[PDB]
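*Asks:* Below you'll find start08.cif; it's mmCIF, C-alpha atoms and all ligand atoms.
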data_structure
loop_
_atom_site.label_atom_id
_atom_site.label_comp_id
_atom_site.auth_asym_id
_atom_site.auth_seq_id
_atom_site.Cartn_x
_atom_site.Cartn_y
_atom_site.Cartn_z
CA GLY G 17 2.75 -19.87 -41.02
CA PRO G 18 1.88 -19.35 -44.71
CA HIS G 19 1.91 -15.56 -45.11
CA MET G 20 1.56 -14.65 -48.78
CA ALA G 21 -0.47 -12.00 -50.60
CA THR G 22 -0.88 -10.37 -54.02
CA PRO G 23 -1.13 -6.82 -55.41
CA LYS G 24 -4.24 -5.09 -56.75
CA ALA G 25 -5.40 -3.26 -59.88
CA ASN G 26 -8.56 -1.59 -61.19
CA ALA G 27 -9.62 1.29 -63.44
CA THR G 28 -12.27 2.49 -65.89
CA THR G 29 -13.10 5.27 -68.35
CA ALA G 30 -16.16 6.77 -70.04
CA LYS G 31 -17.13 9.74 -72.20
CA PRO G 32 -20.89 10.33 -71.79
CA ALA G 33 -22.78 13.14 -73.52
CA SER G 34 -26.42 14.24 -73.41
CA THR G 35 -28.05 17.63 -73.91
CA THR G 36 -31.27 18.13 -71.94
CA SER G 37 -33.31 20.91 -70.34
CA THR G 38 -34.36 20.43 -66.72
CA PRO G 39 -34.21 22.16 -63.30
CA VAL G 40 -32.19 19.29 -61.84
CA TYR G 41 -29.16 17.69 -63.50
CA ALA G 42 -28.32 13.98 -63.41
CA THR G 43 -24.53 14.20 -63.60
CA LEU G 44 -21.57 16.41 -64.53
CA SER G 45 -22.32 15.90 -68.22
CA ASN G 46 -25.77 17.37 -67.60
CA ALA G 47 -24.37 20.36 -65.73
CA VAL G 48 -21.85 21.23 -68.44
CA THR G 49 -24.41 20.96 -71.23
CA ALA G 50 -26.65 23.29 -69.23
CA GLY G 51 -24.06 26.03 -68.85
CA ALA G 52 -22.91 25.54 -72.44
CA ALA G 53 -26.43 26.21 -73.69
CA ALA G 54 -26.49 29.51 -71.80
CA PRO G 55 -24.21 32.39 -72.87
CA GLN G 56 -24.02 33.43 -69.21
CA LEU G 57 -20.88 31.30 -69.00
CA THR G 58 -19.64 31.95 -72.54
CA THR G 59 -16.15 33.06 -71.53
CA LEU G 60 -15.81 30.41 -68.82
CA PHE G 61 -16.97 27.53 -71.01
CA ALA G 62 -14.76 28.97 -73.75
CA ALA G 63 -11.71 28.41 -71.54
CA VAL G 64 -12.89 25.28 -69.73
CA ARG G 65 -13.72 23.60 -73.04
CA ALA G 66 -10.63 24.68 -74.97
CA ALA G 67 -8.59 23.73 -71.91
CA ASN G 68 -9.82 20.16 -72.38
CA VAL G 69 -10.32 19.81 -68.62
CA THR G 70 -13.95 18.69 -68.91
CA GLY G 71 -12.58 15.16 -69.10
CA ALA G 72 -12.05 15.40 -65.35
CA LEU G 73 -15.80 15.84 -64.82
CA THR G 74 -17.00 12.29 -64.20
CA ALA G 75 -19.63 10.43 -62.18
CA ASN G 76 -19.35 9.66 -58.47
CA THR G 77 -16.91 12.57 -58.35
CA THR G 78 -17.46 15.10 -55.56
CA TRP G 79 -15.97 18.48 -56.44
CA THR G 80 -16.76 22.19 -56.12
CA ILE G 81 -16.27 24.35 -59.21
CA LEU G 82 -16.93 28.07 -59.60
CA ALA G 83 -18.75 29.19 -62.75
CA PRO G 84 -18.61 33.02 -62.74
CA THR G 85 -20.88 34.90 -65.15
CA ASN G 86 -19.50 36.51 -68.30
CA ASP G 87 -19.51 39.93 -66.65
CA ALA G 88 -16.95 38.52 -64.22
CA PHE G 89 -14.31 37.78 -66.86
CA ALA G 90 -15.12 41.02 -68.67
CA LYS G 91 -14.60 42.88 -65.39
CA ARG G 92 -11.31 41.34 -64.26
CA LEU G 93 -10.12 41.49 -67.87
CA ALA G 94 -10.92 45.19 -68.26
CA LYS G 95 -9.33 45.95 -64.89
CA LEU G 96 -6.21 43.92 -65.69
CA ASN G 97 -6.09 45.48 -69.16
CA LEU G 98 -5.16 42.24 -70.92
CA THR G 99 -6.22 40.29 -74.01
CA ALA G 100 -8.38 37.17 -73.82
CA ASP G 101 -7.19 35.61 -77.08
CA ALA G 102 -3.60 35.66 -75.82
CA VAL G 103 -4.76 33.47 -72.93
CA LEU G 104 -7.23 31.34 -74.89
CA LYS G 105 -4.35 30.18 -77.09
CA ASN G 106 -2.04 29.89 -74.08
CA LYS G 107 -2.78 26.46 -72.61
CA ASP G 108 -0.34 27.09 -69.76
CA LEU G 109 -2.28 30.13 -68.54
CA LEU G 110 -5.58 28.43 -69.37
CA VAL G 111 -5.14 25.64 -66.82
CA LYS G 112 -3.09 27.92 -64.56
CA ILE G 113 -6.15 30.10 -63.99
CA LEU G 114 -8.88 27.47 -64.34
CA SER G 115 -7.02 25.49 -61.68
CA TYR G 116 -7.99 28.11 -59.10
CA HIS G 117 -11.57 28.23 -60.41
CA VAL G 118 -11.85 24.63 -59.21
CA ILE G 119 -12.07 23.51 -55.58
CA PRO G 120 -11.00 19.91 -54.82
CA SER G 121 -11.70 20.63 -51.15
CA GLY G 122 -15.09 19.03 -51.72
CA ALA G 123 -18.76 20.02 -51.62
CA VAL G 124 -18.80 22.70 -48.92
CA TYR G 125 -21.57 22.64 -46.32
CA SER G 126 -23.45 25.58 -44.81
CA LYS G 127 -22.74 24.11 -41.38
CA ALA G 128 -19.01 24.34 -42.09
CA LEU G 129 -19.32 27.71 -43.83
CA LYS G 130 -17.71 30.29 -41.54
CA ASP G 131 -15.95 33.66 -41.60
CA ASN G 132 -12.50 32.22 -40.87
CA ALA G 133 -13.16 28.91 -42.62
CA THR G 134 -10.67 28.73 -45.49
CA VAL G 135 -10.88 26.67 -48.68
CA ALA G 136 -8.03 24.99 -50.56
CA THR G 137 -8.06 25.05 -54.36
CA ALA G 138 -6.40 22.74 -56.88
CA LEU G 139 -3.54 25.20 -57.41
CA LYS G 140 -0.77 24.82 -54.82
CA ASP G 141 -0.38 27.79 -52.48
CA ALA G 142 -3.88 28.98 -53.37
CA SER G 143 -6.76 29.29 -50.90
CA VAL G 144 -9.79 31.51 -50.34
CA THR G 145 -11.59 32.73 -47.22
CA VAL G 146 -15.29 32.13 -46.54
CA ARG G 147 -17.52 35.06 -45.60
CA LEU G 148 -21.21 35.16 -44.65
CA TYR G 149 -23.23 38.18 -45.77
CA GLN G 150 -26.93 38.55 -46.56
CA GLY G 151 -27.33 34.79 -46.41
CA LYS G 152 -24.80 34.54 -49.24
CA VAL G 153 -21.33 33.03 -49.59
CA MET G 154 -18.60 35.60 -50.24
CA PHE G 155 -15.01 34.83 -51.22
CA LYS G 156 -11.85 36.84 -50.55
CA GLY G 157 -8.23 36.37 -51.57
CA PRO G 158 -4.85 38.14 -51.72
CA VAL G 159 -5.91 40.17 -54.76
CA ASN G 160 -9.38 40.93 -56.12
CA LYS G 161 -12.49 39.58 -54.40
CA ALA G 162 -15.83 38.33 -55.72
CA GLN G 163 -19.25 37.31 -54.38
CA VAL G 164 -21.38 34.28 -55.25
CA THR G 165 -24.58 35.52 -56.88
CA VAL G 166 -26.45 32.29 -57.62
CA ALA G 167 -25.35 29.10 -55.87
CA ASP G 168 -26.85 25.74 -54.91
CA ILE G 169 -26.88 24.65 -58.56
CA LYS G 170 -28.60 21.25 -58.58
CA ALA G 171 -25.94 18.97 -60.06
CA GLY G 172 -25.16 15.26 -60.19
CA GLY G 173 -22.09 14.00 -58.37
CA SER G 174 -20.57 17.48 -58.25
CA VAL G 175 -21.59 21.04 -57.35
CA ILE G 176 -21.06 24.39 -59.07
CA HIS G 177 -21.67 27.96 -57.91
CA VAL G 178 -22.27 31.10 -59.97
CA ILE G 179 -20.17 34.13 -59.07
CA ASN G 180 -20.38 37.74 -60.25
CA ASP G 181 -16.62 38.31 -60.35
CA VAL G 182 -13.57 36.11 -60.93
CA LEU G 183 -10.49 35.74 -58.72
CA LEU G 184 -6.88 35.27 -59.83
CA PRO G 185 -3.90 33.65 -58.05
CA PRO G 186 -0.74 35.50 -56.93
CA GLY G 187 1.71 36.33 -59.69
CA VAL G 188 -0.84 36.59 -62.50
CA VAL G 189 -1.61 40.21 -61.65
CA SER G 190 0.85 42.82 -62.93
CA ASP G 191 2.63 45.33 -60.70
CA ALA G 192 0.70 48.34 -61.99
CA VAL G 193 -2.70 46.66 -61.74
CA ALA G 194 -2.05 44.99 -58.39
CA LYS G 195 -0.66 48.32 -57.19
CA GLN G 196 -3.97 50.04 -57.94
CA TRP G 197 -5.56 47.84 -55.28
CA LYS G 198 -2.56 47.84 -52.95
CA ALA G 199 -2.74 51.64 -52.82
CA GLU G 200 -5.76 51.20 -50.56
CA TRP G 201 -3.54 49.65 -47.89
CA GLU G 202 -0.40 51.57 -48.84
CA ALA G 203 -2.16 54.70 -47.57
CA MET G 204 -1.73 53.28 -44.06
CA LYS G 205 2.02 52.92 -44.58
CA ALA G 206 2.71 49.84 -42.45
CA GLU G 207 3.28 46.45 -44.08
CA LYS G 208 5.90 44.00 -45.35
CA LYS G 209 8.04 44.39 -48.46
CA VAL G 210 7.00 42.66 -51.68
CA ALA G 211 8.40 42.50 -55.22
CA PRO G 212 7.14 41.26 -58.61
CA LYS G 213 8.11 38.03 -60.35
CA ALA G 214 7.03 38.25 -63.99
CA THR G 215 5.68 40.84 -66.43
CA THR G 216 2.88 40.79 -69.00
CA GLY G 217 1.71 42.54 -72.16
CA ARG G 218 3.11 40.60 -75.11
CA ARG G 219 0.55 40.70 -77.92
CA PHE G 220 0.51 42.28 -81.38
CA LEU G 221 -2.15 42.36 -84.11
CA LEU G 222 -1.29 41.45 -87.70
CA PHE G 223 -3.34 41.09 -90.88
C1 LIG G 301 -8.68 18.52 -66.11
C2 LIG G 301 -7.90 17.84 -65.01
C3 LIG G 301 -7.65 18.57 -63.87
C4 LIG G 301 -8.21 19.91 -63.82
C5 LIG G 301 -9.50 20.24 -64.18
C6 LIG G 301 -9.98 21.52 -64.08
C7 LIG G 301 -9.12 22.65 -63.58
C8 LIG G 301 -11.33 21.69 -64.41
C9 LIG G 301 -12.07 22.90 -64.34
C10 LIG G 301 -13.42 22.76 -64.64
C11 LIG G 301 -14.39 23.78 -64.61
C12 LIG G 301 -14.06 25.23 -64.26
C13 LIG G 301 -15.72 23.38 -64.87
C14 LIG G 301 -16.86 24.25 -64.82
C15 LIG G 301 -18.13 23.75 -65.10
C16 LIG G 301 -19.22 24.63 -64.99
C17 LIG G 301 -20.60 24.32 -65.15
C18 LIG G 301 -21.12 22.95 -65.48
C19 LIG G 301 -21.45 25.36 -64.95
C20 LIG G 301 -22.77 25.29 -64.96
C21 LIG G 301 -23.35 26.50 -64.67
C22 LIG G 301 -24.68 26.69 -64.71
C23 LIG G 301 -25.61 25.56 -65.09
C24 LIG G 301 -25.18 27.93 -64.38
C25 LIG G 301 -26.53 28.16 -64.50
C26 LIG G 301 -27.24 29.33 -64.20
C27 LIG G 301 -26.58 30.56 -64.43
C28 LIG G 301 -25.16 30.56 -65.02
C29 LIG G 301 -27.18 31.81 -64.12
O1 LIG G 301 -26.62 32.88 -64.30
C30 LIG G 301 -28.48 31.84 -63.54
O2 LIG G 301 -29.08 33.04 -63.97
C31 LIG G 301 -29.27 30.65 -64.02
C32 LIG G 301 -28.63 29.34 -63.64
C33 LIG G 301 -29.54 28.31 -64.22
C34 LIG G 301 -28.55 29.14 -62.15
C35 LIG G 301 -6.79 17.93 -62.75
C36 LIG G 301 -5.81 18.90 -62.15
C37 LIG G 301 -7.65 17.36 -61.64
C38 LIG G 301 -5.91 16.81 -63.29
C39 LIG G 301 -6.72 15.75 -64.01
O3 LIG G 301 -5.86 14.69 -64.49
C40 LIG G 301 -7.44 16.46 -65.17
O4 LIG G 301 -7.65 15.83 -66.21
#
Please re-express this file's structure in structure tokens.
Ligand SMILES: CC1=C(/C=C/C(C)=C/C=C/C(C)=C/C=C/C=C(C)/C=C/C=C(C)/C=C/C2=C(C)C(=O)[C@@H](O)CC2(C)C)C(C)(C)C[C@H](O)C1=O

*Replies:*
Amino acid sequence: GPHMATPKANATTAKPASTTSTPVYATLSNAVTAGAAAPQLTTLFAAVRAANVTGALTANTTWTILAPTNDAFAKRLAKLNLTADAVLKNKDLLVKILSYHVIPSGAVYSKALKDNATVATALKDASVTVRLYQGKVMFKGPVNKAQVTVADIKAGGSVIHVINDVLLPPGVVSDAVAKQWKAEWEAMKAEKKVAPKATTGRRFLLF
């Protein structure tokens, strides 16, 4: 018989903006404005904003982002012995790192939260392990681990958690730095062979 059909098409865009002060947010826009007003996420917002990724934050969008306090960046930065400006100007690294900070896996649930339960980030070949301790959600990766200090941030459409430290993907950490942590396991003397991929430390001041 008569078997004929047609294609489909649909799309929309919006750029809302409203600065308010309340315990519960209405949408992503509300969440961002909240963190932006507080210096607690100065560094983070500094990268997230400059990165121009905020555009992704829309309504009816379920996502899990990690907003680590300033101390976090200052910690990992001091330990890695690197410059922030060099990265701030480097869009490549900006999104490269921020990508991991985000979790497209979706709003995690306490019921699903487990010790072995792993989470997949936006960055390919990047995942973290879930850990339960003191009724808190702890994260652990291949290099450097952090713990969620304040979570359950009332948001609209999406959800964000506050961490004390920040985590970085494989390859971003230098050999020397990464070695400092590897030494802990090296002491055992029983693992697989691993080599570097890229180096870092290219920045000079000029007036
Ligand atoms: C862009 C983009 C993509 C990628 C987008 C990324 C990677 C976005 C990253 C966003 C972040 C990281 C947002 C963080 C957004 C973070 C936000 C909104 C954080 C809010 C934090 C708050 C309100 C914290 C509050 C408190 C604090 C901090 C305390 O310390 C307590 O004491 C008090 C209390 C009140 C609990 C894509 C790949 C999908 C491709 C798309 O085509 C596209 O276009």

*Asks:* Quick check, in Å to one decimal: how far apart do atom CA of residue G:82 and atom CA of residue G:67 lie?

*Replies:*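 Separating atom CA of residue G:82 from atom CA of residue G:67 is a distance of 15.5 Å.
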
*Asks:* I need every residue sitting at most 12 Å from the point (-23.3, 22.7, -60.1) (coordinates as in the file, all atoms listed in the file considered), written as a ChimeraX atom specification.

*Replies:* /G:39-51,73,78-84,118,123,166-179

*Asks:* Next, write the just-selected residues to a file, as a PDB file, in the frame of the given file, keeping C-alpha atoms as the atom set.

*Replies:*
ATOM      1  CA  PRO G  39     -34.210  22.160 -63.300  1.00  0.00           C
ATOM      2  CA  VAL G  40     -32.190  19.290 -61.840  1.00  0.00           C
ATOM      3  CA  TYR G  41     -29.160  17.690 -63.500  1.00  0.00           C
ATOM      4  CA  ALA G  42     -28.320  13.980 -63.410  1.00  0.00           C
ATOM      5  CA  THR G  43     -24.530  14.200 -63.600  1.00  0.00           C
ATOM      6  CA  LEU G  44     -21.570  16.410 -64.530  1.00  0.00           C
ATOM      7  CA  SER G  45     -22.320  15.900 -68.220  1.00  0.00           C
ATOM      8  CA  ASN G  46     -25.770  17.370 -67.600  1.00  0.00           C
ATOM      9  CA  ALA G  47     -24.370  20.360 -65.730  1.00  0.00           C
ATOM     10  CA  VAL G  48     -21.850  21.230 -68.440  1.00  0.00           C
ATOM     11  CA  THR G  49     -24.410  20.960 -71.230  1.00  0.00           C
ATOM     12  CA  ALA G  50     -26.650  23.290 -69.230  1.00  0.00           C
ATOM     13  CA  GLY G  51     -24.060  26.030 -68.850  1.00  0.00           C
ATOM     14  CA  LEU G  73     -15.800  15.840 -64.820  1.00  0.00           C
ATOM     15  CA  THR G  78     -17.460  15.100 -55.560  1.00  0.00           C
ATOM     16  CA  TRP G  79     -15.970  18.480 -56.440  1.00  0.00           C
ATOM     17  CA  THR G  80     -16.760  22.190 -56.120  1.00  0.00           C
ATOM     18  CA  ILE G  81     -16.270  24.350 -59.210  1.00  0.00           C
ATOM     19  CA  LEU G  82     -16.930  28.070 -59.600  1.00  0.00           C
ATOM     20  CA  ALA G  83     -18.750  29.190 -62.750  1.00  0.00           C
ATOM     21  CA  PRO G  84     -18.610  33.020 -62.740  1.00  0.00           C
ATOM     22  CA  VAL G 118     -11.850  24.630 -59.210  1.00  0.00           C
ATOM     23  CA  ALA G 123     -18.760  20.020 -51.620  1.00  0.00           C
ATOM     24  CA  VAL G 166     -26.450  32.290 -57.620  1.00  0.00           C
ATOM     25  CA  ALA G 167     -25.350  29.100 -55.870  1.00  0.00           C
ATOM     26  CA  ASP G 168     -26.850  25.740 -54.910  1.00  0.00           C
ATOM     27  CA  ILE G 169     -26.880  24.650 -58.560  1.00  0.00           C
ATOM     28  CA  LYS G 170     -28.600  21.250 -58.580  1.00  0.00           C
ATOM     29  CA  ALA G 171     -25.940  18.970 -60.060  1.00  0.00           C
ATOM     30  CA  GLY G 172     -25.160  15.260 -60.190  1.00  0.00           C
ATOM     31  CA  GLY G 173     -22.090  14.000 -58.370  1.00  0.00           C
ATOM     32  CA  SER G 174     -20.570  17.480 -58.250  1.00  0.00           C
ATOM     33  CA  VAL G 175     -21.590  21.040 -57.350  1.00  0.00           C
ATOM     34  CA  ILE G 176     -21.060  24.390 -59.070  1.00  0.00           C
ATOM     35  CA  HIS G 177     -21.670  27.960 -57.910  1.00  0.00           C
ATOM     36  CA  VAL G 178     -22.270  31.100 -59.970  1.00  0.00           C
ATOM     37  CA  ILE G 179     -20.170  34.130 -59.070  1.00  0.00           C
TER      38      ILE G 179
END

*Asks:* If we count only C-alpha atoms, what is near residue G:55 at a cut-off of 9 Å, once residues fewer than 4 positions away on the same chain are taken out, given as a PyMOL selection string?

*Replies:* chain G and resi 51+59+61+85-86

*Asks:* Of the residues G:99, G:115, G:35, G:77, which is the one nearest to ligand LIG 301 (chain G), using all atoms listed in the file?

*Replies:* G:115

*Asks:* From the options G:91, G:198, G:24, G:140, which residue's atoms come nearest to ligand LIG 301 (chain G), counting only C-alpha atoms and all ligand atoms?

*Replies:* G:140

*Asks:* Residues within 12 Å of (-9.5, 47.0, -57.7), file coordinates, counting all atoms listed in the file: what are they? Give the list as a ChimeraX atom specification.

*Replies:* /G:91-96,158-162,181,183,189,192-201

*Asks:* Which residue is closest to ligand LIG 301 (chain G)? Choose from G:26, G:134, G:58, G:163 and count all atoms listed in the file.

*Replies:*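 Ranking G:26, G:134, G:58, G:163 by distance to ligand LIG 301 (chain G), first place goes to G:58.
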
*Asks:* Which is closer to ligand LIG 301 (chain G) than all the others in G:152, G:205, G:112, G:31, using all atoms listed in the file?

*Replies:*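 Closest candidate: G:112.
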
*Asks:* I'd like the neighbourhood of residue G:63 as a list in words, where a residue qualifies if any of its atoms comes within 12 Å (using only C-alpha atoms), though same-chain residues fewer than 4 positions away should be ignored.

*Replies:*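 Everything that qualifies: residues 52, 57, 58, 59, 67, 68, 69, 70, 83, 86, 89, 100, 101, 102, 103, 104, 105, 106, 107, 108, 109, 110, 111, 112, 113, 114, 115 and 117 of chain G.
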
*Asks:* My list of candidates is G:206, G:119, G:133, G:221. Which is closest to ligand LIG 301 (chain G) when distances are computed with all atoms listed in the file?

*Replies:*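 Closest residue, counting all atoms listed in the file: G:119.
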
*Asks:* Edge lengths and centre in Å to one decimal, as lines of an AutoDock Vina configuration file, of the axis-aligned box that encloses all listed atoms of stretch 25-37 of chain G with 5 Å added on every side?

*Replies:*
center_x = -19.4
center_y = 8.8
center_z = -66.9
size_x = 37.9
size_y = 34.2
size_z = 24.0

*Asks:* Just give me the gap between atom CA of residue G:30 and atom CA of residue G:72 in Å, one decimal is fine.

*Replies:*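 Going from atom CA of residue G:30 over to atom CA of residue G:72, I get 10.6 Å.
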
*Asks:* Could you state the separation of atom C29 of ligand LIG 301 (chain G) and atom CA of residue G:142 in Å, given to one decimal place?

*Replies:*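 Computing it gives 25.8 Å between the two atoms.
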
*Asks:* Quick one: of G:37, G:126, G:29, G:22, who's nearest to residue G:74, counting all atoms listed in the file?

*Replies:*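 That would be G:29, the residue with the smallest distance to residue G:74.
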